[PDB]
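Examining the three-dimensional arrangement
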Amino acid sequence: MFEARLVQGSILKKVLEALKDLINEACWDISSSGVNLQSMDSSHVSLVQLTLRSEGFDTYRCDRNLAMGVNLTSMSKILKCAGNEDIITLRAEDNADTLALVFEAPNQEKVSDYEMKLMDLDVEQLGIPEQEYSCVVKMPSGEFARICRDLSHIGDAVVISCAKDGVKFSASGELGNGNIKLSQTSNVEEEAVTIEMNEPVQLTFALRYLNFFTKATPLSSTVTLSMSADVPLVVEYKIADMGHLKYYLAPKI
Amino acid sequence: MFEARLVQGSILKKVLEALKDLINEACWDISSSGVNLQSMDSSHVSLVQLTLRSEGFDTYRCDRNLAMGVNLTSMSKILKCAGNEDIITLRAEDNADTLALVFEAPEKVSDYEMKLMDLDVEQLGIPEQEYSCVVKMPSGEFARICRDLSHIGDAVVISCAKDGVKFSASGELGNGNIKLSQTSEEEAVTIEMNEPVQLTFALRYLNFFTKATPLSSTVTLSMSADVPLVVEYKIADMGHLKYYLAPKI
Amino acid sequence: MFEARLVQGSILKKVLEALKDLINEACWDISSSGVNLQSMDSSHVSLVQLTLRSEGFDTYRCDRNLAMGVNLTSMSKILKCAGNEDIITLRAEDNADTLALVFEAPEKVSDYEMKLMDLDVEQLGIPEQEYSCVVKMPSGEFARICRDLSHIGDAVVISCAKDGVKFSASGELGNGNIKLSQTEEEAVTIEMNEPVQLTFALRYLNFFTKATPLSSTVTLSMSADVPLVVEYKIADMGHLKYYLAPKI
Amino acid sequence: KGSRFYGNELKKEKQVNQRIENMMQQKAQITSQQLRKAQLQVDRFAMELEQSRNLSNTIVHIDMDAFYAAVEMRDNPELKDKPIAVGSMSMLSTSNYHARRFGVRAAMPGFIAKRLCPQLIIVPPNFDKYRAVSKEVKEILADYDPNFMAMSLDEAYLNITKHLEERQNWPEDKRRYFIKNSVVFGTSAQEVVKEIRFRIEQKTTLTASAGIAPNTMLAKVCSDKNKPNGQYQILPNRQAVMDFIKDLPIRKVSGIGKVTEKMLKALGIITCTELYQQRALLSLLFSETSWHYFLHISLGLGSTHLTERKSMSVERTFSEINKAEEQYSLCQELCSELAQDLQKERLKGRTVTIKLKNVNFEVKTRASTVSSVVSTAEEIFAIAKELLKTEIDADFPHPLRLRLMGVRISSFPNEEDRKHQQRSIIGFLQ
DNA sequence: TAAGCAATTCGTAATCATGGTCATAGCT
DNA sequence: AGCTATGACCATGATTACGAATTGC
Ligand SMILES: Cc1cn([C@H]2C[C@H](O)[C@@H](COP(=O)(O)OP(=O)(O)OP(=O)(O)O)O2)c(=O)[nH]c1=O
């Protein structure tokens, strides 16, 4: 058996909201360390990775390292039936065809038990080993969603360049090259755009996916981006100190 | 000469926002004690009955019984023009084919006119009987429930017992079970249970029922055996809006 | 080297979002008087007249007298990329066909280098008349009255007498006959000479009233058989006038 | 002559002649090059058809001899040497063989034929007797094959491909019956049918035709070859199917009626050899299923191995009506009688389709599908009065002058859709 | 003054389920 | 007043329903 109670019942209503139009079938390796996910999407370029580790859970028990084949679209259609401040408990038997979700409100009078029919697939555990980077940029989340939704009206490709004094998001198009220029912050809440670097970066990416990747923006308030040469862009979100959510996307040509 | 001054305009806006999605035409009976509405929709599955009596109107007068057929999308397009505060003055002469709405802002005195029609809705309803299970629950939760099982299937199983009541739905993506456990001032769950009754209904009418949600905050679900589910909202000091729905199998 | 720096950056935003729906390309006449525009819609009924004076541009510098053709959809999709609290620096040169824009924020500047074009210009003058009736009403109430009225028909008959301004319509259901009587920056003032009763078409007034967030109040200016002015006054920058012609 | 019926068939004659000319205008615009790819395709598919022309079975059709008249004649011994006529003075169901030669046929009025024979009797039927005399014959037919397929109350497709082999080791009194022992019938495929006809003869006091064929459509016409009290037979060999498929009119085959006859008198067709000689013409001209039927009726192909209800109607004709209350009240009796007959089989229908006929003969089938399953005399009538309402008041100053109304429950549900049976509200109201 | 059922054929057209867009409002 | 939610309105294949015409027993 596997049972996992989590008090923040909104995190699964947002982790499983940033991942419903991107992918549609994944492999939840439910093991003793906690919930994982790895999935290249329906276009096989963007690598989702997700981890909710054990110590951030309210309570948690399993010993059979199971591997549930989970349909994320139907699971999001079920998790969109819960309140925001509820408490979520996951229930699974060993050779189970189904998986049970428990939504307990803190009002405690209403309790919800949903039961989801699984499937089975095998996914590539294409492991991402230890790397060292070139530039790290730590920035607000509404700002990054605003920047990408601006530059997606101008063109459909983005040059991103990072130097000692800040970052340029340069987006040419058919109607004239947009350009947005951001600098650091010295001695100031969420506004800090801390940009550290060993060597400068000019890479280039697409914008059909950075209107999907920053759908995770209610999950945090600081995103980080990481970049180097001959290594994909790393778009990292942190969750409420339970673990993290990475997206990977590669440079162009 | 029907004449009706309503000093809270949002009641009429809320009623005809509730009734325009489920049914699309109505035949209002306006007589000397209030406005009545009796309408089953096209598929003859649900019935909607409505009474607003002549006491919560800030003024009302009527001299002869009128039958007024109304396209509810035309009236919901006219009544989209009042703000949330307009003293609404519905006037209508007897033998004229136009209903003169006169809004009054709190001097922006609009004056709209609508065309009626000849509609003959059926002059019959559920006779007065007694019911077995009467749940009374917060209507925000009832709307959340009826909009939280349509993501599963188009069949709801309301199983009613003494400790509580359970809603379950089973569709092609799985199944679900929401359990209401009884209470310990308007988050109050009172279950006048007699006989534990389990029934199954169509959610494509329970989602249209929950469009009278800001008309109250307390909803009474009244069930029996071999008898339609009743969902009732109470428009405060005014009257009621009841929804009868037929079960499966 | 033309430079026009405006410090309330939301002004041009509300203007161009009120213009990108109606007319497609237009001419910008750039002079010491300021920024001028007269253009017609693509159905040759409405006449847009934008006038911006040089007093409230926070820094102005215009040596020659330029004309810049722009497609307003691309210009407005650039004008959906700045916050409501930015400093606009419009720029142009004679050595280039690029209208530069810079959005300054109190540390996120936003550079844009938009393409111009070359249109065949039409400088048509407006003979100034003495208007029969000029009314001043708050902008939101007129926006509500036209939008509300658009669901009823398309033939708006604006009437005016000294006691009241009386909008009528008709349609397939019945006439929505709005009034407004004679009545504190949110008042209704009627300057009347002779009573007016004149027809217009709502499907362009709906394009007009998207300049509602510019000013708190609008002024309608009317004469018998002369095309009416609907004027939205930016405070201390100029105005934006729309001309519509009556039918039949 | 010059009747209203003559007027409506005149309009239908105009329409079928208009379709004749619309076919001839599309017939001239093909060439000798358009007779190549379609002909090669339909004869490649005919090679795929005729190579697996499997006819190891022996299908028997068994008609009767003037069934609705003959079952009266087994129950009327007075006038056995007389011509009998069932029906009444509006329409005849079927008349007997002492009157077929004189012209007294089916689909003929009770006034057309009765002016041809002044010495005749026309007596309305008794529809309850035939349902028993069908089952009495079906008792005999079930013995020779359990999977017999009675189309009507008298026709009966039987498959005797298995009973004949299990008859060879039989004694000479199991294969011998008594006159109501009588003559012993042999073990041949003619003889099993002679036995069947003898048992149906001296077990119902009547006669019955028959027909042996390798297929079903051949059996339907072989049953008409030696017609009164007779039979016929074809051998299962691919040559012997061709010698009977020639020299046949297409007034004889079922599925080619009266109007598809006249639309083939244009292209010069009388025999099925001529009907075979127009492959690329009929493949391009006519519709898909119809040229399928033409290419499979050409080689004599069809059902080599033999195989619920889908509708239930009540229609009713009457004199001229011109009122407004009589139509609304007379729709209720037709809703009620159909609601009586719908529960005897216990079926839940979910569609009512009314059907009206003017005094100058136009059909008007106005349909309405509901989601409540319909069973009772008040859950129908509130689906058909809202169609009589839509089609009475669409002639805004003028009445309807009808002569026939009729209701038709349809769309009877599966086993997958009878476990979720939604109910009407008119069971609960009062 | 020309039936009474049933079954089937094709082409028309009604309703529905679908995602996209727009407007108005709760929240920022 | 922008962001986001979200409900009304709308395009739109598409399955499903409608209807005349034709064939039989
Ligand atoms: C063809 C036809 C038959 N019937 C009925 C009457 C017949 O007794 C019965 C059988 O139809 P059939 O068996 O084709 O006709 P029949 O047996 O009367 O004549 P024959 O033996 O020459 O074929 O069905 C009709 O009611 N209407 C019709 O149009």
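Residues numbered from 1 in each chain as written, not as in the entry; some residues may be left out. Chains lettered and ligands numbered in written order. Heavy atoms only, no water. Residues with missing side-chain atoms left out of burial classes, pairs and counts.

- Its PDB header attributes the entry to cryo-EM and lists the resolution as 6.4 Å.

1. Topic: the interface of chain A and chain C
- Contact with chain A, which involves 15 residues of that partner, is made by 15 residues of chain C.
- Breaking the side of chain A that touches chain C down by element, the ones donating at least two residues are α3 (141–154) and β13 (178–182) of chain A.
- Where β13(A) and strand β9 (residues 108–115) of chain C come together, four bridges link them in antiparallel fashion. Following the sheet pairing, A:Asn179 is matched in β9(C) by C:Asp111. (Contact = heavy atoms within 4.5 Å. Helix = DSSP H or I, 4+ residues; strand = E, 2+ residues; numbered from the N terminus. Pairing = 2+ DSSP bridges.)

2. A few points about the sheet that holds β13(A)
- Pairing is antiparallel across the open sheet formed by nine strands, whose spatial order is β15(A)-β11(A)-β12(A)-β13(A)-β9(C)-β8(C)-β7(C)-β1(C)-β5(C). A single partner strand is all that each edge strand has here, and the edge strands are β15 (201–206) of chain A together with β5 (59–61) of chain C. Taking the axes of each pair of neighbouring strands and ignoring which way they run, one obtains an average angle of 15 degrees across the sheet.
- Of the strand pairs in this sheet, strand β1 (residues 2–6) of chain C and β5(C) are connected by three bridges, and their pairing is antiparallel. Among the inter-strand pairings, C:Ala4 is bridged to a residue of β5(C), identified as C:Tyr60. (Axes fitted to C-alpha atoms, helices over the stretch in contact; angles between N-to-C directions.)

3. Considering the site of the ligand
Residues and elements named next belong to chain D.
- In the vicinity of the ligand, the residues found are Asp63, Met64, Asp65, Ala66, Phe67, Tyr68, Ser93, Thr94, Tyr97, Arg100 and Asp154.
- One of the backbone N or O atoms of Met64 is found 3.1 Å from an oxygen atom in the ligand.
- Within the backbone of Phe67, a nitrogen or oxygen atom sits 3.0 Å from an oxygen atom of the ligand.
- When isolated, the ligand has an accessible area of 560 Å², and the protein chains bury 67% of it. (Near = heavy atom within 4 Å. Polar contact = N/O pair within 3.5 Å; in protein donor to acceptor, adjacent residues only side chain to side chain. Areas by Shrake-Rupley, 256 points an atom, 1.4 Å probe, with all protein chains shown as cover.)

4. Let's talk about the protein's contact with DNA strand E
- The full set close to DNA strand E counts 22 residues, and D:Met91, D:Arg309, D:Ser313, D:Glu315 and D:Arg403 are the nearest of them.
- At 3.2 Å from a sugar or linking oxygen of DNA strand E is found a side-chain nitrogen or oxygen belonging to C:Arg147.
- Looking at the surface near DNA strand E, the elements that each hand over two or more residues are α1 (4–27), α12 (288–298), β6 (311–317) and β9 (402–410) of chain D.
- Counting residues per element, the surface near DNA strand E draws most heavily on β6(D), at five residues.
- In terms of residue class, the surface near DNA strand E is built from eight nonpolar, eight polar and six charged. (Nonpolar A, V, L, I, M, F, W, Y, C, P; charged D, E, K, R; others polar.)

5. Examining the interface of chain B and chain A
- The partner chain A presents 17 residues to the 17 residues of chain B that form the contact.
- Only α3 (139–146) and β13 (174–181) of chain B provide two or more residues apiece to the side of chain B that touches chain A.
- Broken down by class, the residue content of the side of chain B that touches chain A amounts to five nonpolar, seven polar and five charged.
- The sheet contact formed by strand β9 (residues 110–117) of chain A and β13(B) spans seven bridges and is antiparallel. Within β13(B), the position partnered with A:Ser112 by the bridge is B:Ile178.

6. Notes on the packing of helix α13 (residues 325–343) of chain D against helix α14 (residues 381–392) of chain D
Residues and elements named next belong to chain D.
- Taken N-terminus to C-terminus, the directions of α13 and α14 make an angle of 145 degrees; their axes are 10 Å apart at the nearest point. Judged by the twist between their axes, the crossing of α13 over α14 is right-handed. Of α14, the residues touching α13 (which contributes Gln327, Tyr328, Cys331, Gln332 and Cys335) are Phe381, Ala384, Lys385, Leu388, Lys389 and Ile392.
- Here the residues of the contact of α13 with α14 sort into seven nonpolar, two polar and two charged. (Left-handed = near helix turned anticlockwise from the far one by under 90°.)

7. Digging into the protein's contact with DNA strand F
- Near DNA strand F, the surroundings consist of 23 residues, among which B:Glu17, C:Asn84, D:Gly255, D:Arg366 and D:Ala367 are the closest.
- The contact atoms of DNA strand F, taken as those within 4 Å of the protein, divide so that sugar and phosphate hold 100%.
- Here a phosphate oxygen of DNA strand F sits 2.9 Å away from a polar atom, N or O, in the side chain of D:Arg366.
- When residues of the surface near DNA strand F are traced back to their parent elements, those giving at least two are α9 (259–265) and β8 (363–374) of chain D.

8. Comments concerning the UniProt feature "disulfide bond" in chain B
Residues and elements named next belong to chain B.
- A sulfur-sulfur distance of 3.5 Å is found between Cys133 and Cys160, whose disulfide is recorded in UniProt, and that is too long to count the bridge as formed.
- Mapped onto the elements of the fold, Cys133 is located in strand β10 (residues 133–138).
- Following the sequence through the fold, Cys160 ends up in strand β11 (residues 156–160). (Disulfide = S-S within 2.5 Å. UniProt positions renumbered as here; feature names shortened; annotations may be inferred.)

9. Some points on the environment of A:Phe213
- Mapped onto the elements of the fold, A:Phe213 is located in the loop between β15 and β16 (222–228).
- If sequence neighbours within four positions are ignored, A:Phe213 has contacts with A:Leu22, A:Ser46, A:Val235, A:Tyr237, A:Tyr247, A:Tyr248 and A:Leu249.

10. What about the UniProt feature "DNA-binding region" in chain B?
- The positions UniProt marks with the feature "DNA-binding region" are residues 61–80 of chain B.
- Its end C-alpha atoms 25 Å apart, residues 61–80 of chain B is made of 35% helix and 35% strand.

11. Notes on the pairing of β10(B)
Residue and element names in this part refer to chain B.
- As paired strands, β10 and strand β16 (residues 218–223) are joined by six bridges and run antiparallel to one another. By the bridge assignment for β16, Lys136 is matched with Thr220.
- Relative to strand β14 (residues 190–191), β10 runs antiparallel, the two sharing two bridges. Note on β14: the bridge partner recorded for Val135 is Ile191.

12. A short note on the sheet that holds strand β8 (residues 98–102) of chain B
Residue and element names in this part refer to chain B.
- If you trace the five strands from one edge of the open sheet to the other, you get β5-β1-β7-β8-β9, paired in antiparallel fashion. Every other strand in the sheet has two partners, leaving β5 (59–61) and β9 (112–115) as the edge strands with one partner each. For this sheet, the mean inter-axis angle between neighbouring strands, taken without regard to orientation, is 15 degrees.
- Judged from the three bridges that link them, strand β1 (residues 2–6) and β5 form a sheet pairing that is antiparallel. Note that in β5 the partner of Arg5 across the bridge is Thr59.

13. Here we look at helix α2 (residues 72–79) of chain A
- Counting buried positions along α2(A) yields six of eight residues, so the element is predominantly enclosed.
- Among the residues of α2(A), A:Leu72, A:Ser74, A:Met75, A:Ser76, A:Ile78 and A:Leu79 are the ones counted as buried. (Buried < 20%, exposed > 50% of the residue type's maximum accessible area, 1.4 Å probe, protein only.)

14. A short note on the nonpolar core
- Core analysis: the largest hydrophobic core is formed by 238 residues, its most contacted members being A:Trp28, A:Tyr247, B:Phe2, B:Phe167 and B:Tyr243.
- If you tally residues by element for this core, the top one is helix α1 (residues 10–19) of chain C, at six residues.
- When neighbours within four sequence positions are excluded, B:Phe167 is seen to be in contact with B:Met137, B:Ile145, B:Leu149, B:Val156, B:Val157, B:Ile158, B:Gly176, B:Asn177, B:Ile178, B:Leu180 and B:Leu221.
- With 28 residues, the next largest nonpolar core counts D:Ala339, D:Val352, D:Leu356 and D:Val374 among its residues. (Core = buried A, V, L, I, M, F, W, Y, C linked by side-chain atoms within 4.5 Å.)

15. Considering the UniProt feature "disulfide bond" in chain A
Residues and elements named next belong to chain A.
- Here the bond UniProt gives for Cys135 and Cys162 does not hold up, since the two sulfurs are 3.7 Å apart.
- Here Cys135 is to be found in strand β10 (residues 135–140).
- Tracing the backbone shows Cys162 in strand β11 (residues 157–163).

16. So, the pattern of salt bridges
All names here are of chain A.
- Tallied over the entire structure, the rule returns 32 salt bridges over all chains.
- Between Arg5 and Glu104 there is a salt bridge, with the nearest N and O atoms lying 2.4 Å from each other. Of the two residues, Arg5 sits in strand β1 (residues 2–6) while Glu104 sits in strand β8 (residues 98–104), which places them 99 residues apart along the sequence.
- Exposure remark for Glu104: the relative accessible area of 22% places this residue in the partly exposed category.
- Connected via shared salt-bridge partners are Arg5, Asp58 and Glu104. (Salt bridge = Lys/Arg side-chain N within 4 Å of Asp/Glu carboxyl O.)

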